[PDB]
Amino acid sequence: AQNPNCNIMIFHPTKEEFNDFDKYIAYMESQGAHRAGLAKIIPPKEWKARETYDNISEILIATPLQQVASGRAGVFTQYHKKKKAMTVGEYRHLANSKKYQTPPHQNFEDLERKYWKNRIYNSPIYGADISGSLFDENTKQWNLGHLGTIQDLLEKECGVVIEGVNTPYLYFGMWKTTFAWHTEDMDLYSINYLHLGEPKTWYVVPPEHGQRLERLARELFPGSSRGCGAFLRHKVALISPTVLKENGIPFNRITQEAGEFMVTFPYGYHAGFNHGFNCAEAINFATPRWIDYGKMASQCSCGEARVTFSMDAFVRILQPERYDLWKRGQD
Ligand SMILES: O=C(O)CNC(=O)C(=O)O
Ligand SMILES: [Mg+2]
Ligand code: NI
Ligand SMILES: [Zn+2]
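The sequence shown begins at 11 in UniProt numbering and counts up one residue at a time.
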């Protein structure tokens, strides 16, 4: 069995190997990359996402989100307070202000220490989940707006045509902006490109051990667990690496830098934080190997998770017994 310790793997495809996206994901899996839940892909030196980032300041962040924490430094939840609209140029100036900017630090490990010590005492503002793309239309390789759609994959594998669309999302971050522990909708893959700015640190639990994270989460967030049998779908709970280690939960960590891709694999729980002002683009995708994960994915039906239009068909076709309850939670 390849990668039996479930380490995060880093790949350096050549320009020739960068042509065929599906083939390269399958290659990474042949080497055991999925066992980690997360892989890094460094693009060939010949490749670029677009020519420059000099003309992005007028993008609008319609609903910036202030991420307010509750709990203790290593075990906390966050809620999202809506703020007034602002442009990316305005948000960049805010991220660089004395109130929000990255503190002085020695290296990524010192900044990680400072994150976990101090995150709860601040409320950073995240420009998340903005439909759109920063890839040039002429970029033909690993262009996250030109991937094969999940609806087409389900049709190819299973024979059933379904409604829905699959487009990318932009994320504008600042110091301490946080992504809570989660797997993707329907335990899909995700791919994330860091277009510009400061790094993003990731934590991930191997898919084979995801239920160990779920059991810890139920212990640590006992009111939330009574409320919903899949409350990590709410995307609000944080648990630090120190707490994971104290509780014996297998995990790994890695820092993504500008110009690098990350892929999350089906049922790979992940969480993390941004180092300073940055912009990322991400999208969900599927392969043949996903179908069995989609059929077994948990679902939130309490009403909290609320998701896109396109998840309806995935539940309806892959999980017909669960459909009626899940749809009630959507309505
Ligand atoms: O970058 C973020 O805030 C969160 N991203 C992801 O969870 C992802 O790409 O799967
Ligand atoms: Mg602009
Ligand atoms: Ni994700
Ligand atoms: Zn729920």
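Ideal Cβ positions, reconstructed from N, Cα and C, are used throughout, including at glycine.
DSSP places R338 in no beta strand (DSSP E) but in the uninterrupted alpha helix (DSSP H) bounded by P330 to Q340.
The criterion of a C-beta distance shorter than 8 Å is satisfied by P53 and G269.
Here the distance from the Cβ of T159 to the nearest heavy atom of ligand 3 is not below 7 Å. Here the distance from the Cβ of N65 to the nearest heavy atom of ligand 2 is below 7 Å. The beta carbon of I71 sits no closer than 7 Å to any heavy atom of ligand 2. Inclusion of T177 and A59 in the CB contact set at 8 Å is not warranted, their separation being larger than that value. Inclusion of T274 in the 7 Å shell around ligand 3 follows from its C-beta lying nearer than that to a non-hydrogen atom of the ligand. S133 sits away from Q41, with the two beta carbons spaced by 8 Å or more.
Ligand 1 has a heavy atom closer than 7 Å to the beta-carbon of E194. By the Cβ criterion, the region 300-315 is not in contact with the region 202-210, since fewer than three pairs of Cβ atoms, one from each stretch, lie closer than 8 Å.
Taking the C-beta atoms as reference points, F283 is found nearer than 8 Å to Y125.
Note that the region 286-301 touches the region 184-202; at least 3 beta-carbon pairs, one per stretch, sit closer than 8 Å. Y34: member of the alpha helix (DSSP H) spanning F31 to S40, first to last residue. A direct Cα-to-Cα measurement between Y63 and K91 gives close to 29 Å.
Here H219 has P260 as same chain residues with Cβ atoms under 6 Å from its own Cβ, once five neighbours each way along the sequence are excluded.
Residue pairing by DSSP places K305 opposite no residue, since no beta bridge is assigned to it. With respect to the 8 Å criterion, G137 and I51 are not classified as neighbours on the basis of their beta carbons. For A227, there is no enclosing beta strand (DSSP E); the residue is part of the alpha helix (DSSP H) that begins and ends at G220 to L230.
When C-alpha distances from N202 are compared across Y101, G239, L242 and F145, the shortest belongs to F145.
Between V214 and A46, the C-beta spacing is below 8 Å. Along the region 248-294, the beta strand (DSSP E) occurs as fully enclosed runs of 3 or more residues at 262-266, 271-274 and 279-284, listed in sequence order. Beyond the five residues adjoining it in sequence on each side, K127 comes within less than 7 Å, by CB distance, of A83 in the same chain, given in chain order. When DSSP reads this structure, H192 sits in a beta bridge with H280. Between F189 and the set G233, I249, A95 and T159, the nearest pair of CA atoms involves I249. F86 sits buried, since 16 or more C-beta atoms from the chains shown fall within 10 Å of its C-beta. Between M196 and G278, the C-beta gap is not smaller than 8 Å, which leaves the two residues out of contact.
Residue pairing of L70 in beta bridges, as defined by DSSP: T97. By the beta-carbon neighbour count (other beta carbons within 10 angstroms, threshold 16), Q151 is buried.
Residue burial is scored here from C-beta neighbours: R236 has fewer than 16 other C-beta atoms within 10 angstroms and is therefore classed as exposed.
Take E173, set aside five residues on each side of it, and the residues of its chain with a beta-carbon closer than 7 Å to its own are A323, in chain order.
DSSP places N128 outside any beta strand (DSSP E); the residue lies instead in the alpha helix (DSSP H), whose first and last residues are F118 to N128.
Between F118 and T265, the C-beta spacing is below 8 Å. Under the DSSP assignment, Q161 falls in the alpha helix (DSSP H) whose first and last residues are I160 to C168. Distance between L164 and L157, taken at the CA atoms: about 14 Å. Closest by C-alpha distance to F31, out of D334, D302, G99 and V273, is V273.
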